[PDB]
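Participant: As input, take model19.tsv (TSV, C-alpha atoms and all ligand atoms):
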chain	number	residue	atom	x	y	z
A	1	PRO	CA	64.58	82.82	108.94
A	2	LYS	CA	66.03	80.86	106.01
A	3	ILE	CA	65.92	82.53	102.58
A	4	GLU	CA	66.41	80.78	99.23
A	5	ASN	CA	68.06	82.61	96.32
A	6	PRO	CA	68.95	85.73	98.35
A	7	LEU	CA	70.38	87.60	95.35
A	8	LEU	CA	67.22	87.15	93.28
A	9	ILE	CA	64.81	88.15	96.02
A	10	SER	CA	66.93	91.20	96.99
A	11	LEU	CA	67.03	92.36	93.36
A	12	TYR	CA	63.29	91.73	93.03
A	13	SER	CA	62.53	93.55	96.27
A	14	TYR	CA	64.49	96.50	94.85
A	15	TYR	CA	62.32	96.44	91.71
A	16	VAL	CA	59.13	96.20	93.79
A	17	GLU	CA	60.03	99.22	95.90
A	18	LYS	CA	61.16	101.17	92.83
A	19	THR	CA	57.93	100.26	91.05
A	20	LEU	CA	55.72	101.25	93.98
A	21	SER	CA	57.51	104.61	94.25
A	22	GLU	CA	57.29	105.38	90.51
A	23	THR	CA	53.62	104.54	89.93
A	24	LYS	CA	50.41	106.31	90.90
A	25	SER	CA	48.20	103.38	91.98
A	26	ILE	CA	48.34	99.77	93.08
A	27	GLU	CA	46.88	98.67	89.75
A	28	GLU	CA	49.58	100.59	87.85
A	29	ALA	CA	52.20	98.85	90.00
A	30	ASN	CA	50.67	95.44	89.25
A	31	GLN	CA	50.80	96.19	85.54
A	32	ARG	CA	54.39	97.44	85.71
A	33	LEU	CA	55.56	94.25	87.46
A	34	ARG	CA	53.73	92.21	84.84
A	35	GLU	CA	55.55	94.20	82.14
A	36	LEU	CA	58.85	93.48	83.89
A	37	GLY	CA	58.00	89.79	83.88
A	38	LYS	CA	57.20	89.88	80.18
A	39	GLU	CA	60.53	91.56	79.47
A	40	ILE	CA	62.63	89.07	81.41
A	41	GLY	CA	60.48	86.13	80.25
A	42	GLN	CA	61.98	86.61	76.78
A	43	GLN	CA	65.46	85.67	77.98
A	44	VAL	CA	64.19	83.06	80.42
A	45	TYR	CA	62.36	81.22	77.64
A	46	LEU	CA	65.19	81.25	75.08
A	47	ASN	CA	68.18	80.84	77.43
A	48	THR	CA	66.91	77.84	79.37
A	49	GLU	CA	65.54	74.35	78.69
A	50	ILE	CA	61.99	75.77	78.43
A	51	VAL	CA	62.33	76.43	74.72
A	52	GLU	CA	63.59	72.84	74.28
A	53	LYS	CA	61.10	71.00	76.52
A	54	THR	CA	57.87	72.66	75.32
A	55	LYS	CA	55.98	71.76	72.15
A	56	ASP	CA	55.20	74.16	69.31
A	57	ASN	CA	51.42	73.62	69.24
A	58	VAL	CA	49.86	74.73	72.54
A	59	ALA	CA	46.12	74.63	71.86
A	60	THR	CA	44.15	73.65	74.97
A	61	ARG	CA	43.94	74.47	78.65
A	62	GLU	CA	45.51	71.06	79.29
A	63	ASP	CA	48.41	71.96	77.01
A	64	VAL	CA	48.80	75.21	78.98
A	65	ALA	CA	48.85	73.21	82.23
A	66	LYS	CA	51.64	71.01	80.88
A	67	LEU	CA	53.55	74.10	79.75
A	68	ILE	CA	53.26	75.52	83.28
A	69	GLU	CA	54.61	72.29	84.78
A	70	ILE	CA	57.62	72.51	82.44
A	71	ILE	CA	58.28	76.13	83.45
A	72	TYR	CA	58.08	75.16	87.12
A	73	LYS	CA	60.44	72.22	86.89
A	74	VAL	CA	62.98	74.14	84.81
A	75	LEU	CA	63.01	77.27	86.99
A	76	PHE	CA	62.23	75.89	90.47
A	77	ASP	CA	62.94	72.12	90.35
A	78	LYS	CA	59.45	71.35	91.68
A	79	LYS	CA	55.89	70.98	90.58
A	80	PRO	CA	53.32	73.65	91.49
A	81	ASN	CA	51.36	72.64	94.55
A	82	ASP	CA	48.16	72.78	92.51
A	83	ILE	CA	46.92	73.47	89.01
A	84	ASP	CA	43.15	74.05	89.06
A	85	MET	CA	41.20	73.73	85.79
A	86	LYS	CA	37.69	73.96	87.24
A	87	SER	CA	37.16	76.66	89.90
A	88	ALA	CA	37.65	79.72	87.66
A	89	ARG	CA	35.73	78.92	84.49
A	90	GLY	CA	37.89	79.58	81.42
A	91	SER	CA	41.03	79.87	83.56
A	92	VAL	CA	43.91	77.79	84.83
A	93	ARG	CA	44.87	78.61	88.44
A	94	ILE	CA	48.40	77.86	89.68
A	95	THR	CA	49.17	77.55	93.40
A	96	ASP	CA	52.64	77.68	94.98
A	97	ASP	CA	52.89	77.23	98.77
A	98	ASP	CA	56.57	78.31	98.85
A	99	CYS	CA	56.83	81.10	96.28
A	100	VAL	CA	60.41	82.23	95.65
A	101	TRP	CA	59.51	85.89	95.04
A	102	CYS	CA	57.86	86.82	98.38
A	103	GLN	CA	59.78	84.77	100.99
A	104	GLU	CA	59.32	86.40	104.41
A	105	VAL	CA	57.74	89.51	102.85
A	106	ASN	CA	55.00	91.08	105.00
A	107	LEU	CA	53.07	94.00	103.53
A	108	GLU	CA	50.00	95.32	105.32
A	109	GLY	CA	47.06	97.27	103.93
A	110	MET	CA	48.02	96.31	100.36
A	111	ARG	CA	45.67	93.39	99.58
A	112	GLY	CA	45.13	94.55	96.03
A	113	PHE	CA	48.85	94.48	95.29
A	114	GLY	CA	50.24	91.47	93.46
A	115	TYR	CA	53.74	91.40	94.88
A	116	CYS	CA	54.67	88.45	92.65
A	117	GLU	CA	53.08	89.75	89.43
A	118	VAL	CA	56.50	89.37	87.75
A	119	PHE	CA	55.61	85.71	87.39
A	120	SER	CA	52.30	86.64	85.72
A	121	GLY	CA	54.36	88.46	83.11
A	122	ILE	CA	56.78	85.55	82.65
A	123	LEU	CA	53.84	83.24	81.91
A	124	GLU	CA	52.25	85.74	79.51
A	125	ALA	CA	55.60	86.01	77.70
A	126	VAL	CA	56.01	82.25	77.34
A	127	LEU	CA	52.44	81.85	76.12
A	128	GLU	CA	53.00	84.70	73.65
A	129	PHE	CA	55.96	82.78	72.18
A	130	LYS	CA	53.43	80.00	71.56
A	131	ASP	CA	51.02	82.54	70.01
A	132	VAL	CA	48.55	81.87	72.82
A	133	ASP	CA	46.80	85.10	73.76
A	134	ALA	CA	46.44	84.99	77.52
A	135	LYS	CA	45.84	87.34	80.40
A	136	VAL	CA	47.55	86.41	83.67
A	137	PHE	CA	47.14	88.03	87.06
A	138	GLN	CA	48.00	87.19	90.66
A	139	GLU	CA	44.97	86.27	92.77
A	140	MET	CA	46.70	85.92	96.15
A	141	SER	CA	50.20	86.55	97.56
A	142	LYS	CA	51.81	85.43	100.80
A	143	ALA	CA	53.40	88.90	100.78
A	144	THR	CA	49.97	90.40	101.53
A	145	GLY	CA	48.91	87.75	104.04
A	146	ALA	CA	47.54	84.83	102.04
A	147	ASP	CA	48.47	81.22	102.82
A	148	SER	CA	49.80	80.65	99.28
A	149	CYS	CA	50.54	82.48	96.04
A	150	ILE	CA	48.01	81.91	93.27
A	151	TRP	CA	48.10	83.08	89.65
A	152	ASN	CA	45.15	82.98	87.28
A	153	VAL	CA	45.79	82.27	83.59
A	154	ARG	CA	42.85	83.17	81.36
A	155	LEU	CA	42.99	82.05	77.73
A	156	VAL	CA	41.48	85.19	76.17
B	1	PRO	CA	74.80	76.52	77.08
B	2	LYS	CA	73.35	75.88	80.56
B	3	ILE	CA	72.70	78.87	82.84
B	4	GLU	CA	72.65	78.91	86.62
B	5	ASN	CA	69.98	81.09	88.25
B	6	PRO	CA	68.30	82.24	85.01
B	7	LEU	CA	65.79	84.50	86.79
B	8	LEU	CA	68.53	86.46	88.54
B	9	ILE	CA	70.54	86.74	85.30
B	10	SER	CA	67.59	87.93	83.24
B	11	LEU	CA	66.42	90.44	85.85
B	12	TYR	CA	69.94	91.80	86.16
B	13	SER	CA	70.24	91.97	82.37
B	14	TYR	CA	67.09	94.08	82.31
B	15	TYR	CA	68.57	96.43	84.89
B	16	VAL	CA	71.80	96.80	82.92
B	17	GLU	CA	70.02	97.57	79.66
B	18	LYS	CA	67.77	100.17	81.33
B	19	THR	CA	70.80	101.69	83.04
B	20	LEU	CA	72.73	102.01	79.78
B	21	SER	CA	69.72	103.68	78.14
B	22	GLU	CA	69.25	106.19	81.00
B	23	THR	CA	72.83	107.27	81.76
B	24	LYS	CA	75.01	109.67	79.78
B	25	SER	CA	78.35	107.81	80.00
B	26	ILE	CA	79.73	104.34	80.64
B	27	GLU	CA	81.24	105.44	83.95
B	28	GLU	CA	77.83	106.76	85.08
B	29	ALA	CA	76.36	103.35	84.22
B	30	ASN	CA	79.17	101.67	86.19
B	31	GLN	CA	78.34	103.85	89.19
B	32	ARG	CA	74.61	103.03	88.97
B	33	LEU	CA	75.39	99.30	88.95
B	34	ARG	CA	77.59	99.74	92.03
B	35	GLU	CA	74.81	101.66	93.78
B	36	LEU	CA	72.37	98.83	93.01
B	37	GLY	CA	74.97	96.45	94.43
B	38	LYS	CA	75.21	98.46	97.66
B	39	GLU	CA	71.42	98.22	98.07
B	40	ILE	CA	71.46	94.47	97.35
B	41	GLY	CA	74.42	94.11	99.66
B	42	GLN	CA	72.46	95.54	102.58
B	43	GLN	CA	69.72	92.97	102.07
B	44	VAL	CA	72.10	90.04	101.60
B	45	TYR	CA	74.04	90.95	104.73
B	46	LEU	CA	70.91	91.19	106.84
B	47	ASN	CA	69.16	88.11	105.42
B	48	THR	CA	71.93	85.48	105.02
B	49	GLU	CA	74.60	83.71	107.07
B	50	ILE	CA	77.23	86.32	106.13
B	51	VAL	CA	76.57	88.35	109.28
B	52	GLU	CA	76.79	85.27	111.52
B	53	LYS	CA	79.88	83.68	109.92
B	54	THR	CA	82.19	86.74	109.66
B	55	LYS	CA	84.36	88.41	112.29
B	56	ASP	CA	83.23	91.67	113.86
B	57	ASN	CA	86.68	93.36	113.92
B	58	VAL	CA	88.22	93.34	110.42
B	59	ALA	CA	91.55	95.16	110.72
B	60	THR	CA	94.11	93.69	108.26
B	61	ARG	CA	94.31	92.98	104.55
B	62	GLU	CA	94.30	89.29	105.51
B	63	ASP	CA	91.03	89.83	107.40
B	64	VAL	CA	89.40	91.39	104.32
B	65	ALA	CA	90.48	88.43	102.17
B	66	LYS	CA	88.90	85.95	104.59
B	67	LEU	CA	85.71	88.00	104.67
B	68	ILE	CA	85.56	87.81	100.86
B	69	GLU	CA	85.94	84.02	101.02
B	70	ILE	CA	83.00	83.84	103.43
B	71	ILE	CA	80.81	86.01	101.17
B	72	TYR	CA	81.66	83.75	98.24
B	73	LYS	CA	80.90	80.57	100.21
B	74	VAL	CA	77.55	81.89	101.42
B	75	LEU	CA	76.37	83.41	98.13
B	76	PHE	CA	77.86	81.01	95.55
B	77	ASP	CA	78.87	77.89	97.55
B	78	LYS	CA	82.40	78.12	96.15
B	79	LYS	CA	85.70	79.85	96.65
B	80	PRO	CA	86.96	82.53	94.26
B	81	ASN	CA	89.47	81.19	91.78
B	82	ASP	CA	92.01	83.64	93.15
B	83	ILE	CA	92.36	86.21	95.90
B	84	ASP	CA	95.46	88.29	95.23
B	85	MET	CA	97.12	90.54	97.79
B	86	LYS	CA	100.41	90.46	95.83
B	87	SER	CA	100.05	92.03	92.37
B	88	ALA	CA	98.27	95.15	93.66
B	89	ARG	CA	99.87	96.34	96.89
B	90	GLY	CA	97.26	97.72	99.34
B	91	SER	CA	94.32	96.26	97.43
B	92	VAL	CA	92.74	92.82	97.14
B	93	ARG	CA	91.94	91.39	93.68
B	94	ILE	CA	89.23	88.70	93.36
B	95	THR	CA	89.10	86.40	90.30
B	96	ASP	CA	86.00	84.38	89.35
B	97	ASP	CA	86.24	82.15	86.26
B	98	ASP	CA	82.49	81.35	86.28
B	99	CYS	CA	80.79	84.57	87.32
B	100	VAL	CA	77.06	84.23	87.93
B	101	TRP	CA	76.19	87.68	86.61
B	102	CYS	CA	77.44	87.48	83.01
B	103	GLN	CA	76.66	83.87	82.03
B	104	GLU	CA	76.26	83.80	78.23
B	105	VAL	CA	76.43	87.63	77.94
B	106	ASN	CA	78.61	88.81	75.02
B	107	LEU	CA	78.42	92.59	74.58
B	108	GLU	CA	79.93	94.26	71.52
B	109	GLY	CA	82.09	97.32	72.16
B	110	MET	CA	81.52	98.95	75.56
B	111	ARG	CA	85.18	99.59	76.51
B	112	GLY	CA	85.33	100.62	80.17
B	113	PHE	CA	81.95	99.10	81.04
B	114	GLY	CA	81.91	96.60	83.89
B	115	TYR	CA	78.84	94.46	83.31
B	116	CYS	CA	79.18	92.85	86.74
B	117	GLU	CA	79.81	96.04	88.76
B	118	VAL	CA	76.80	95.03	90.85
B	119	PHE	CA	79.20	92.78	92.77
B	120	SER	CA	81.59	95.71	93.39
B	121	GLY	CA	78.70	97.37	95.19
B	122	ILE	CA	77.83	94.23	97.15
B	123	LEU	CA	81.43	94.01	98.33
B	124	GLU	CA	81.64	97.70	99.21
B	125	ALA	CA	78.40	97.42	101.19
B	126	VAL	CA	79.49	94.34	103.19
B	127	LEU	CA	82.85	95.92	104.00
B	128	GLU	CA	81.05	99.09	105.07
B	129	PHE	CA	78.99	97.05	107.57
B	130	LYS	CA	82.40	95.95	108.93
B	131	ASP	CA	83.71	99.55	109.22
B	132	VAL	CA	86.14	98.92	106.31
B	133	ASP	CA	86.32	101.78	103.84
B	134	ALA	CA	86.92	100.41	100.35
B	135	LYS	CA	86.43	101.37	96.75
B	136	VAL	CA	85.74	98.40	94.47
B	137	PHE	CA	85.73	98.26	90.66
B	138	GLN	CA	85.65	95.54	88.00
B	139	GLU	CA	88.93	95.12	86.09
B	140	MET	CA	87.48	92.83	83.43
B	141	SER	CA	84.32	90.93	82.62
B	142	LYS	CA	83.52	87.94	80.43
B	143	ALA	CA	80.61	90.02	79.10
B	144	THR	CA	83.16	92.14	77.20
B	145	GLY	CA	85.28	89.19	76.12
B	146	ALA	CA	87.64	88.49	79.01
B	147	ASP	CA	88.22	84.88	80.10
B	148	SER	CA	87.47	85.83	83.72
B	149	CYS	CA	85.79	88.42	85.89
B	150	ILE	CA	88.08	90.32	88.26
B	151	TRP	CA	87.15	92.83	90.94
B	152	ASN	CA	89.71	95.09	92.61
B	153	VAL	CA	89.06	96.03	96.25
B	154	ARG	CA	91.07	99.11	97.25
B	155	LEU	CA	91.36	99.65	101.00
B	156	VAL	CA	91.13	103.15	102.51
A	201	ZN	ZN	54.73	84.92	96.03
A	202	ZN	ZN	80.91	88.52	85.44
Kindly present the structure from the file in C-alpha cells form.
Facilitator:
Amino acid sequence: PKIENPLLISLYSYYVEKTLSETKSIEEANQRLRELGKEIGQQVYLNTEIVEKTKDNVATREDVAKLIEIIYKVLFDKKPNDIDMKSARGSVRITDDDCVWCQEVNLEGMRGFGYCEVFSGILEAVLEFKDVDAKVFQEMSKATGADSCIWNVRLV
Amino acid sequence: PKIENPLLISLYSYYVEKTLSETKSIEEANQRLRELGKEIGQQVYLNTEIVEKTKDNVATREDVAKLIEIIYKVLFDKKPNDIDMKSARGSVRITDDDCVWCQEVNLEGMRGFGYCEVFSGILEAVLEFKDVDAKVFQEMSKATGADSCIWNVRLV
C-alpha cells in the first residue's frame, strides 16, 4: 500500500475531514475545498517555477492547456494522462490516473463530493493571475470510486 | 529560491495563518500546531514504513534517538544535522538545517512562536505509539530568523 508524499496527503485528509464536519452540504464542502485551493494557489504560483515558465497572455483554450501542462510538470513531474478539448464543449478536461490527493482514499455514498477539489481551486487561482475568468470543478474522483480523477475547466 | 514540496508548504502556511488569526496567544497557536502534528503523526505512522522499520520496545534515550533517525529517513530521506543527548540531559535535541516546513518563510516579530511546531506533534505522536511519554517543543525556527530549526524532545 505505497503512498507518495505522505505528509501532504495526511494534511489534506485533515482538511477534508475538517471541511466535511464544518459544512452543511456536499456542495458547500466542494466549494470550501475550492476556496482552500485558491488560497494556497497564490503561494504555489509565485513561489515556484510556474510564474517563470508561463506566459503573460493566456487567451485561448490551447493556451490554457499549455498552462495546465506547465503546472503539472512543475508540481508533479509528469504530464496529465489526458487533456480533452472536445468532449465538454467550451471546457478543457484534465485527467490524472494517479492523483496525489486521493491515494488509497475510499469514500462510499459520496459520489457528489469532489475530494480533490483543492486542485480545482489551484487552477482557478493560476488562471486568475492571468486574468482568465474560469470556473473549475471536479468531475470524477478515485476517492469516490472512479477509475481516474478528472477536472473540468470552463472558460466563463 | 527553489522550494521542495510546494503544495505541503503552502497548505501548512494556510493552516498557520488561520491558527494565528483564531487563537488568543502565541502559546495557544503553538499548541494548535502540535495538535495538528499529532493528528498527522497518526496517519504517517500507519501509512508509511516507520511502523515496519522501528523497534517495538523503545526503552533508552539511545533508542529514542535511533527512532528519530528512522522517522527522518522515511519522511525526508536524510539524517538530521544533529541529534544531541549531551547539551540537554534527559532530553534529545534534533537539529535540521534545511527544514521542509519553513522554506522561504520569514515572519516579522512573533517571539515565542514556533512556526514548525507541527513536527513537535508528529514526534510526540510517533513516540506515543511506542509507549514513550514525551513533550516536544521547537527551540528555534528559520521562519523567525534562526539559521536552523531545533526541536527538543523531553522524555517522561
Ligand atoms: Zn484525486
Ligand atoms: Zn522549520
Participant: Could you check the closest approach to residue A:138 for each of A:69, A:4, A:27, A:39 and tell me which residue wins, using all atoms listed in the file?
Facilitator: A:27
Participant: Under the rule that only C-alpha atoms and all ligand atoms are counted, which of A:53, A:142, A:93, A:38 is the nearest residue to ligand ZN 201 (chain A)?
Facilitator: A:142
Participant: Which one of A:65, A:132, A:127, A:50 sits closest to chain B if you count only C-alpha atoms?
Facilitator: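 Nearest candidate to chain B out of A:65, A:132, A:127, A:50: A:50.
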Participant: Would you kindly return, as a JSON list (two decimals) with C-alpha atoms, in the coordinates of the input, each protein, DNA or RNA residue with an atom no farther than 8 Å from any atom of residue A:130, considering only C-alpha atoms and excluding same-chain residues fewer than 6 positions away?
Facilitator:
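Below you can see selection-v4.json, which holds the result:
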[["chain", "number", "residue", "atom", "x", "y", "z"],
["A", 56, "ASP", "CA", 55.20, 74.16, 69.31],
["A", 57, "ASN", "CA", 51.42, 73.62, 69.24],
["A", 58, "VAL", "CA", 49.86, 74.73, 72.54]]
Participant: Write as a ChimeraX atom specification the residues around ligand ZN 201 (chain A), taking 10 Å as the cut-off and counting all atoms listed in the file.
Facilitator: /A:95-105,114-119,138,140-144,146-151
Participant: Next, write the just-selected residues to a file, as a compact mmCIF listing (two decimals), in the coordinates of the input, keeping C-alpha atoms as the atom set.
Facilitator:
# COMPACT_ATOMS: atom_id res chain seq x y z
CA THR A 95 49.17 77.55 93.40
CA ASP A 96 52.64 77.68 94.98
CA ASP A 97 52.89 77.23 98.77
CA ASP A 98 56.57 78.31 98.85
CA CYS A 99 56.83 81.10 96.28
CA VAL A 100 60.41 82.23 95.65
CA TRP A 101 59.51 85.89 95.04
CA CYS A 102 57.86 86.82 98.38
CA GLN A 103 59.78 84.77 100.99
CA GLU A 104 59.32 86.40 104.41
CA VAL A 105 57.74 89.51 102.85
CA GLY A 114 50.24 91.47 93.46
CA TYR A 115 53.74 91.40 94.88
CA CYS A 116 54.67 88.45 92.65
CA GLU A 117 53.08 89.75 89.43
CA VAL A 118 56.50 89.37 87.75
CA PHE A 119 55.61 85.71 87.39
CA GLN A 138 48.00 87.19 90.66
CA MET A 140 46.70 85.92 96.15
CA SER A 141 50.20 86.55 97.56
CA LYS A 142 51.81 85.43 100.80
CA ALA A 143 53.40 88.90 100.78
CA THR A 144 49.97 90.40 101.53
CA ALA A 146 47.54 84.83 102.04
CA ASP A 147 48.47 81.22 102.82
CA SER A 148 49.80 80.65 99.28
CA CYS A 149 50.54 82.48 96.04
CA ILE A 150 48.01 81.91 93.27
CA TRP A 151 48.10 83.08 89.65
Participant: As an exercise, work out the distance from atom CA of residue B:112 to atom CA of residue B:26 in Å and give it to one decimal place.
Facilitator: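 Spanning atom CA of residue B:112 to atom CA of residue B:26 is a straight-line distance of 6.7 Å.
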Participant: I'd like the interatomic distance between atom CA of residue B:87 and atom CA of residue B:67, to a tenth of an Å.
Facilitator: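 Atom CA of residue B:67 lies 19.3 Å from atom CA of residue B:87.
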Participant: Would you give me, as a PyMOL selection string, the residues of chain A that come within 9 Å of chain B, using only C-alpha atoms?
Facilitator: chain A and resi 1-3+5-12+14+36-37+39-44+47-49+75
Participant: Would you pick out the contacts of residue A:155 at 7 Å or less, using all atoms listed in the file, so that residues sharing its chain but fewer than 3 positions from it are not included, and give the list as a list in words?
Facilitator: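 So, after excluding close chain neighbours, the residues are residues 90, 91, 133, 134 and 135 of chain A.
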Participant: Once 6 Å is added on each side, what centre and edge lengths in Å to one decimal does the axis-aligned box around all listed atoms of stretch 20-33 of chain A have, as lines of an AutoDock Vina configuration file?
Facilitator:
center_x = 52.2
center_y = 100.3
center_z = 89.9
size_x = 22.6
size_y = 24.1
size_z = 20.7
Participant: Between atom CA of residue A:137 and atom CA of residue A:153, what is the spacing in Å?
Facilitator: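 Answer for the atom CA of residue A:153 to atom CA of residue A:137 separation: 6.9 Å.
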Participant: For ligand ZN 202 (chain A), which residue out of B:85, B:71, B:94, B:29 is the nearest one, using all atoms listed in the file?
Facilitator: B:94
Participant: Output stretch 25-48 of chain B with N, CA and C atoms present, as a PDB file, in the frame of the given file.
Facilitator:
ATOM      1  N   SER B  25      77.000 108.305  80.239  1.00  0.00           N
ATOM      2  CA  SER B  25      78.350 107.810  80.000  1.00  0.00           C
ATOM      3  C   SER B  25      78.460 106.412  80.580  1.00  0.00           C
ATOM      4  N   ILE B  26      79.487 105.692  80.136  1.00  0.00           N
ATOM      5  CA  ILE B  26      79.730 104.340  80.640  1.00  0.00           C
ATOM      6  C   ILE B  26      80.094 104.381  82.120  1.00  0.00           C
ATOM      7  N   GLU B  27      80.887 105.368  82.530  1.00  0.00           N
ATOM      8  CA  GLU B  27      81.240 105.440  83.950  1.00  0.00           C
ATOM      9  C   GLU B  27      80.023 105.735  84.823  1.00  0.00           C
ATOM     10  N   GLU B  28      79.077 106.548  84.333  1.00  0.00           N
ATOM     11  CA  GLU B  28      77.830 106.760  85.080  1.00  0.00           C
ATOM     12  C   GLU B  28      77.029 105.464  85.203  1.00  0.00           C
ATOM     13  N   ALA B  29      76.990 104.660  84.134  1.00  0.00           N
ATOM     14  CA  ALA B  29      76.360 103.350  84.220  1.00  0.00           C
ATOM     15  C   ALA B  29      77.075 102.448  85.232  1.00  0.00           C
ATOM     16  N   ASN B  30      78.414 102.402  85.179  1.00  0.00           N
ATOM     17  CA  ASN B  30      79.170 101.670  86.190  1.00  0.00           C
ATOM     18  C   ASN B  30      78.753 102.085  87.599  1.00  0.00           C
ATOM     19  N   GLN B  31      78.675 103.395  87.838  1.00  0.00           N
ATOM     20  CA  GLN B  31      78.340 103.850  89.190  1.00  0.00           C
ATOM     21  C   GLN B  31      76.923 103.438  89.591  1.00  0.00           C
ATOM     22  N   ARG B  32      75.971 103.468  88.649  1.00  0.00           N
ATOM     23  CA  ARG B  32      74.610 103.030  88.970  1.00  0.00           C
ATOM     24  C   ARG B  32      74.564 101.552  89.327  1.00  0.00           C
ATOM     25  N   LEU B  33      75.339 100.726  88.618  1.00  0.00           N
ATOM     26  CA  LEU B  33      75.390  99.300  88.950  1.00  0.00           C
ATOM     27  C   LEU B  33      75.998  99.086  90.331  1.00  0.00           C
ATOM     28  N   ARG B  34      77.022  99.868  90.687  1.00  0.00           N
ATOM     29  CA  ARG B  34      77.590  99.740  92.030  1.00  0.00           C
ATOM     30  C   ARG B  34      76.593 100.171  93.090  1.00  0.00           C
ATOM     31  N   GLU B  35      75.801 101.207  92.805  1.00  0.00           N
ATOM     32  CA  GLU B  35      74.810 101.660  93.780  1.00  0.00           C
ATOM     33  C   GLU B  35      73.715 100.622  93.973  1.00  0.00           C
ATOM     34  N   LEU B  36      73.264  99.985  92.886  1.00  0.00           N
ATOM     35  CA  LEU B  36      72.370  98.830  93.010  1.00  0.00           C
ATOM     36  C   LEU B  36      72.994  97.753  93.883  1.00  0.00           C
ATOM     37  N   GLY B  37      74.270  97.441  93.628  1.00  0.00           N
ATOM     38  CA  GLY B  37      74.970  96.450  94.430  1.00  0.00           C
ATOM     39  C   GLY B  37      75.004  96.791  95.912  1.00  0.00           C
ATOM     40  N   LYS B  38      75.186  98.073  96.247  1.00  0.00           N
ATOM     41  CA  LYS B  38      75.210  98.460  97.660  1.00  0.00           C
ATOM     42  C   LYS B  38      73.856  98.215  98.310  1.00  0.00           C
ATOM     43  N   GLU B  39      72.776  98.458  97.561  1.00  0.00           N
ATOM     44  CA  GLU B  39      71.420  98.220  98.070  1.00  0.00           C
ATOM     45  C   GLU B  39      71.163  96.736  98.253  1.00  0.00           C
ATOM     46  N   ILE B  40      71.520  95.935  97.243  1.00  0.00           N
ATOM     47  CA  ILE B  40      71.460  94.470  97.350  1.00  0.00           C
ATOM     48  C   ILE B  40      72.313  93.991  98.509  1.00  0.00           C
ATOM     49  N   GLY B  41      73.503  94.573  98.649  1.00  0.00           N
ATOM     50  CA  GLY B  41      74.420  94.110  99.660  1.00  0.00           C
ATOM     51  C   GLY B  41      73.865  94.275 101.059  1.00  0.00           C
ATOM     52  N   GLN B  42      73.122  95.360 101.291  1.00  0.00           N
ATOM     53  CA  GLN B  42      72.460  95.540 102.580  1.00  0.00           C
ATOM     54  C   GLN B  42      71.483  94.413 102.861  1.00  0.00           C
ATOM     55  N   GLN B  43      70.672  94.047 101.866  1.00  0.00           N
ATOM     56  CA  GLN B  43      69.720  92.970 102.070  1.00  0.00           C
ATOM     57  C   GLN B  43      70.412  91.616 102.232  1.00  0.00           C
ATOM     58  N   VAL B  44      71.500  91.372 101.502  1.00  0.00           N
ATOM     59  CA  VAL B  44      72.100  90.040 101.600  1.00  0.00           C
ATOM     60  C   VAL B  44      72.888  89.904 102.888  1.00  0.00           C
ATOM     61  N   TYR B  45      73.360  91.014 103.444  1.00  0.00           N
ATOM     62  CA  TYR B  45      74.040  90.950 104.730  1.00  0.00           C
ATOM     63  C   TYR B  45      73.055  90.705 105.855  1.00  0.00           C
ATOM     64  N   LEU B  46      71.881  91.319 105.770  1.00  0.00           N
ATOM     65  CA  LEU B  46      70.910  91.190 106.840  1.00  0.00           C
ATOM     66  C   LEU B  46      70.142  89.880 106.783  1.00  0.00           C
ATOM     67  N   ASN B  47      70.063  89.237 105.613  1.00  0.00           N
ATOM     68  CA  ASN B  47      69.160  88.110 105.420  1.00  0.00           C
ATOM     69  C   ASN B  47      69.873  86.804 105.071  1.00  0.00           C
ATOM     70  N   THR B  48      71.194  86.723 105.247  1.00  0.00           N
ATOM     71  CA  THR B  48      71.930  85.480 105.020  1.00  0.00           C
ATOM     72  C   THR B  48      72.856  85.218 106.193  1.00  0.00           C
TER      73      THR B  48
END
